[PDB]
Every structure is written in C-alpha cells, then in structure tokens.
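Student: Encoded as structure tokens, here's the structure I'll be asking about.
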Amino acid sequence: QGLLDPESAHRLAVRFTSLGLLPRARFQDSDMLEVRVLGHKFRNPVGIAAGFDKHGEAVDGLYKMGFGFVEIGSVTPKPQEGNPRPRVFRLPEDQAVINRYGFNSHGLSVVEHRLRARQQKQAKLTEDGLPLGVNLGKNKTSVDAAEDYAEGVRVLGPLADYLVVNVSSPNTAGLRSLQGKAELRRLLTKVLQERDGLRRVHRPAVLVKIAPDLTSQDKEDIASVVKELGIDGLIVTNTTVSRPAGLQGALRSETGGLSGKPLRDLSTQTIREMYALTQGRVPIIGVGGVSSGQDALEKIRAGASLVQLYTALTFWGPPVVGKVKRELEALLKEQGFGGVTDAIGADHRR
Ligand SMILES: Cc1cc2nc3c(=O)[nH]c(=O)nc-3n(C[C@H](O)[C@H](O)[C@H](O)COP(=O)(O)O)c2cc1C
Ligand SMILES: CCc1oc(=O)c(Cc2c(O)c(CC=C(C)C)c(O)c(C(C)=O)c2O)c(O)c1C
Ligand SMILES: O=C(O)c1cc(=O)[nH]c(=O)[nH]1
C-alpha cells in the first residue's frame, strides 16, 4: 500500500479489509479495557475514526482488526464526488497526512442499504460490546445545512448506536461556521428533535464532532449549547487547518486537514478543555494522533472515555491496534488504575 498513491492505497486497504483477508487479531481484550458509555458496552476503548470507511464497506473487517467500535462516514444525503485528485498527501517525516477529500460520499441511500444488509448482525455485535457509529455530513451545494443533517438522522439514525453531527471538516466551505453558538443551537435542536422521533430501539445517541482550531469563545459556546440541549457526547477532534511549526514533509503546505502526530497534543488539550467546560458530565471520544498506549491514556486521563485513530494505521499497519490496546493495559496497571473507567479524567482530579 505504501508504494501506490495514497488514495489508491486507501481504496485497496478498504477492499482488502472488507473481504476479511486479514487474519483475525490475536489480542484478547481484558476486562480492564471495557467501558460503559453512551448507553452501550464497549469491549475496548479503541475505535476506527471516521474517514477510513466513509461508505460503510468494511465494518465487519474493522471489528476483526480488533477495534472496539467502528465509525463510518461522513455520509452526505445525496451522492457526491468530492474534490479533484490528488486530494490526499503523506508527510512521512512528520508521521502525518493532509487530506482535502471534500466529503466524497456514496450518499444516504446506498449506505442505508449496505447497513440494512447486516442490521441484525450489527445488533448482535452491539450487544456483545462492539457498537457502531455513523458520522453525518452535508452536501456541498445544499442550501439548508440543518435539513441535510436531519435527513441523515432519519435515514441512518435507526441503524446506528450513535450519530455524529460533523460540523468540523476543514474541506467544505462554511461548514465550521456551524460551530458558532446561534447556528449550532438551532442545528442541534432540529437534529435532536428528529432523533427523539425515532422508535426507542432505533434511537441513537447524538454527538458533535469539533475542530482543534476553535477559539476559547467557540469552545465556551459549544459547551454551553451541549449542556443546554442535552447533547450526548463530543468527538474531539477533527483534523487541523493549522500547520504547527516544525513540519518537515515536502507537502506540508498543501491545503487540507492535517492529521497524525503533529495534531496529537492539540487534540489532547482540546479534550482537556472540553471536559472541564462540561464538568466531566459529557462523554468525549478523543481522537487525533493516537499511535500508542501512552497516546491513548493521555487522552483518557485528559477526559476521553473512548479514543479513535486513523492516520497511525496507515504508517504502522493493522498491528497498531493490538499494540495500542496492550500498551494501554500495561500503563493502566503501572499507574494503579483498576481499568479504563478509573482513568477517565484522572488528570483533573490531581
Ligand atoms: C483521509 C482522512 C479522511 C477523513 N474523513 C473524515 C470524515 O469524513 N469525517 C470526519 O468526521 N472525520 C474525517 N477524518 C478525521 C478523522 O476522523 C480524525 O478526526 C483525524 O484524522 C484525527 O485522527 P488521526 O490523527 O488518528 O487520523 C478524516 C481523516 C483523514 C486522515
Ligand atoms: C487517506 C489516508 C490514507 O489512508 C489509507 O488507508 C492508506 C493506506 C494504508 C493502510 O490502510 C494501511 C492499513 C492496512 C489495512 C489492510 C487496513 C497500511 O498499513 C498502510 C501502510 C503503508 O502500511 C497504508 O498505506 C494510506 O496510505 C493513506 C495515506
Ligand atoms: O475531506 C473530508 O472528507 C474530510 C476530511 C477531514 O479531515 N475531516 C472531515 O470531517 N472530512
């Protein structure tokens, strides 16, 4: 996969994963790694971040890889092609990636039928501690962003353990302004009303996924709206449009969202701030630059109940999943935690 262009390599990775051609992971999850949050049991706290399986093609292969939960998407209401290629760039010297896909999506109807073909299989997986998240986006030309998200709630909500209102892609014009207070309250009120209108066994948790580039005011406002409306959780963070000092990759000045190691601590600090602003009462899924057990535990101690990764998988391969989990269990023991749950937010209680 490293030898092809990055997008072609990704498509080959998705196809290979979907076929199950990867040997089943050998790491057996210990009880120490179980987390109960968002109304569900998670066998382990390490998920695949949105973007790897944009269209829901490889869910079962990803569980076989050892992920404790899978998030697909972002999915847009209508199919759309995204930006012209190339739109994904490797920064090997930084263990980073820059992408500007622009919400390439098979669309709600195609993804709906894909998930329906395995809906009862997923119900059993969820009951066994392996939940499914669905990340919702908006079409490029849509005139009414809230209605795009409402359509996603109605169509894929009934197939999801949790939904993500992705208002933080750097690659759709105007999207991140949906993170402002008034716009976000109106958008999330509509999303939650649509969610509440689904039948009980088809009613997912709703989370908001936020950028790492927010001002202090932006974060205060998001925290306020999340508590006012009863939003079920936050995903922290998407990719960054910043370019931290010190990037070495030749492609560092490509337009797009930066992921991987240069994002890691910006993400951890955003988790830390959002946990404090919500008094530790709002579950956080922490994501950005996780490639080791230490990376995972730092985000958990900062306030994350669960973590996700994507970019590290494309540098270290499938073994990184078991590596993170084994290192995490060892660090929890070394630091005197009974399990993941005991470590959530621990830095704030020092
Ligand atoms: C190529 C690529 C595509 C992505 N697509 C999406 C997406 O469609 N929706 C979304 O919410 N996040 C998307 N992300 C963001 C990731 O879910 C994650 O938030 C971010 O990459 C940081 O995690 P990482 O450093 O482990 O990759 C994408 C990231 C990458 C690298
Ligand atoms: C869009 C971001 C992006 O997404 C990808 O999916 C890949 C492919 C890829 C990979 O998925 C895995 C993980 C292997 C699986 C079978 C799932 C890899 O181990 C590698 C390598 C070199 O080891 C790999 O290149 C990318 O290169 C990039 C830049
Ligand atoms: O371009 C996309 O589709 C995309 C990239 C990214 O980093 N984040 C996101 O939410 N969408």
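Order determines the names: the first chain of the structure tokens is A, the second B, and so forth; residues in each chain are numbered 1 upward, and ligands are numbered 1 upward as they are shown.
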Go through chain A residue by residue and, counting only C-alpha atoms and all ligand atoms, keep those with an atom at most 7 Å from ligand 3; for each kept residue give the shortest atom pair and its distance in Å to one decimal, ordered by chain and increasing number, as CSV.
Tutor:
residue,atom,partner,partner_atom_place_in_ligand_line,distance
A:51,CA,ligand 3,4 (C),6.8
A:74,CA,ligand 3,10 (O),6.7
A:99,CA,ligand 3,5 (C),5.8
A:100,CA,ligand 3,1 (O),4.3
A:101,CA,ligand 3,1 (O),3.5
A:102,CA,ligand 3,1 (O),3.8
A:103,CA,ligand 3,3 (O),3.5
A:104,CA,ligand 3,3 (O),6.0
A:166,CA,ligand 3,10 (O),6.3
A:168,CA,ligand 3,10 (O),5.8
A:169,CA,ligand 3,10 (O),3.5
A:170,CA,ligand 3,8 (N),6.2
A:171,CA,ligand 3,1 (O),4.9
A:238,CA,ligand 3,8 (N),5.7
A:239,CA,ligand 3,7 (O),4.7
A:257,CA,ligand 3,7 (O),4.7
A:258,CA,ligand 3,7 (O),6.9
Student: Fewer than 6 positions away in the same chain doesn't count, so skip those; otherwise give me all residues within 9 Å of residue 289 of chain A, counting only C-alpha atoms, as a ChimeraX atom specification.
Tutor: /A:95-96,259-265,267,295,309-312
Student: Go ahead and dump the residues you just picked, C-alpha atoms, as a compact mmCIF listing (two decimals), in the first residue's frame.
Tutor:
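Dumped to part.txt:
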# COMPACT_ATOMS: atom_id res chain seq x y z
CA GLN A 95 4.06 10.80 10.64
CA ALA A 96 1.22 12.96 9.33
CA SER A 259 -3.78 14.50 10.96
CA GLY A 260 -1.31 12.27 12.77
CA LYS A 261 1.44 13.08 15.22
CA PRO A 262 1.53 16.91 14.76
CA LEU A 263 -2.16 17.03 15.76
CA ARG A 264 -1.85 14.77 18.80
CA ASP A 265 -1.32 17.23 21.65
CA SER A 267 -6.26 17.33 20.26
CA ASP A 295 -1.17 8.43 23.40
CA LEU A 309 -7.33 6.53 15.39
CA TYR A 310 -6.89 6.59 11.62
CA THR A 311 -3.58 8.04 10.47
CA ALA A 312 -1.38 5.74 12.61
Student: Do you know which residues are within 6 Å of ligand 2 using only C-alpha atoms and all ligand atoms? Can you write them as a PyMOL selection string?
Tutor: chain A and resi 1-2+6-7+9-10+13+16-17+88+90+313-318
Student: Would you put the residues from that selection into a file with N, CA and C atoms, as a PDB file, in the first residue's frame?
Tutor:
ATOM      1  N   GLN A   1       0.851  -1.216   0.000  1.00  0.00           N
ATOM      2  CA  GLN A   1       0.000   0.000   0.000  1.00  0.00           C
ATOM      3  C   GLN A   1       0.882   1.260   0.000  1.00  0.00           C
ATOM      4  N   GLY A   2       2.017   1.246   0.698  1.00  0.00           N
ATOM      5  CA  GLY A   2       2.872   2.418   0.740  1.00  0.00           C
ATOM      6  C   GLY A   2       3.378   2.855  -0.620  1.00  0.00           C
ATOM      7  N   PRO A   6      -1.520   7.726  -2.316  1.00  0.00           N
ATOM      8  CA  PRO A   6      -2.241   7.489  -1.051  1.00  0.00           C
ATOM      9  C   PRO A   6      -3.703   7.129  -1.227  1.00  0.00           C
ATOM     10  N   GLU A   7      -4.421   7.782  -2.144  1.00  0.00           N
ATOM     11  CA  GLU A   7      -5.835   7.453  -2.316  1.00  0.00           C
ATOM     12  C   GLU A   7      -6.017   6.044  -2.869  1.00  0.00           C
ATOM     13  N   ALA A   9      -3.992   3.597  -2.476  1.00  0.00           N
ATOM     14  CA  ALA A   9      -3.639   2.700  -1.383  1.00  0.00           C
ATOM     15  C   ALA A   9      -4.800   2.555  -0.408  1.00  0.00           C
ATOM     16  N   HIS A  10      -5.482   3.662  -0.104  1.00  0.00           N
ATOM     17  CA  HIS A  10      -6.642   3.593   0.783  1.00  0.00           C
ATOM     18  C   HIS A  10      -7.733   2.700   0.205  1.00  0.00           C
ATOM     19  N   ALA A  13      -6.802  -0.786   0.637  1.00  0.00           N
ATOM     20  CA  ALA A  13      -6.931  -1.176   2.038  1.00  0.00           C
ATOM     21  C   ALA A  13      -8.384  -1.435   2.420  1.00  0.00           C
ATOM     22  N   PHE A  16      -9.426  -4.778   0.742  1.00  0.00           N
ATOM     23  CA  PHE A  16      -8.806  -5.895   1.437  1.00  0.00           C
ATOM     24  C   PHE A  16      -9.471  -6.145   2.785  1.00  0.00           C
ATOM     25  N   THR A  17      -9.747  -5.075   3.534  1.00  0.00           N
ATOM     26  CA  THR A  17     -10.362  -5.223   4.848  1.00  0.00           C
ATOM     27  C   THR A  17     -11.769  -5.781   4.735  1.00  0.00           C
ATOM     28  N   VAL A  88      -5.111  13.719  -1.218  1.00  0.00           N
ATOM     29  CA  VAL A  88      -4.559  13.118  -0.010  1.00  0.00           C
ATOM     30  C   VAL A  88      -3.051  13.062  -0.161  1.00  0.00           C
ATOM     31  N   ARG A  90       0.790  12.234   1.926  1.00  0.00           N
ATOM     32  CA  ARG A  90       1.565  11.691   3.036  1.00  0.00           C
ATOM     33  C   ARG A  90       2.693  12.648   3.399  1.00  0.00           C
ATOM     34  N   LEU A 313      -2.718   3.977  11.569  1.00  0.00           N
ATOM     35  CA  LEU A 313      -2.919   2.720  10.854  1.00  0.00           C
ATOM     36  C   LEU A 313      -2.208   2.732   9.510  1.00  0.00           C
ATOM     37  N   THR A 314      -2.133   3.896   8.867  1.00  0.00           N
ATOM     38  CA  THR A 314      -1.531   3.996   7.548  1.00  0.00           C
ATOM     39  C   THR A 314      -0.013   4.098   7.595  1.00  0.00           C
ATOM     40  N   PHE A 315       0.580   4.252   8.780  1.00  0.00           N
ATOM     41  CA  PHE A 315       2.026   4.206   8.931  1.00  0.00           C
ATOM     42  C   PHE A 315       2.514   2.898   9.533  1.00  0.00           C
ATOM     43  N   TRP A 316       1.802   2.350  10.518  1.00  0.00           N
ATOM     44  CA  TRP A 316       2.248   1.158  11.232  1.00  0.00           C
ATOM     45  C   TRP A 316       1.465  -0.099  10.899  1.00  0.00           C
ATOM     46  N   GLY A 317       0.412   0.002  10.098  1.00  0.00           N
ATOM     47  CA  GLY A 317      -0.357  -1.147   9.692  1.00  0.00           C
ATOM     48  C   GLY A 317      -1.291  -1.679  10.758  1.00  0.00           C
ATOM     49  N   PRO A 318      -1.993  -2.762  10.429  1.00  0.00           N
ATOM     50  CA  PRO A 318      -3.005  -3.328  11.331  1.00  0.00           C
ATOM     51  C   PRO A 318      -2.463  -3.680  12.708  1.00  0.00           C
TER      52      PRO A 318
END
Student: Please report the interatomic distance between atom CA of residue 156 of chain A and atom CA of residue 73 of chain A in Å with one decimal.
Tutor: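 Pair atom CA of residue 156 of chain A / atom CA of residue 73 of chain A returns 10.8 Å.
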Student: From the DSSP assignment of the backbone, select every residue of segment 55-278 of chain A that is alpha helix (DSSP H), and format the answer as a ChimeraX atom specification.
Tutor: /A:59-64,108-116,119-127,145-156,181-196,216-229,264-277
Student: Counting only C-alpha atoms, which residue out of A:296, A:114, A:91, A:339 sits closest to residue 321 of chain A?
Tutor: A:296
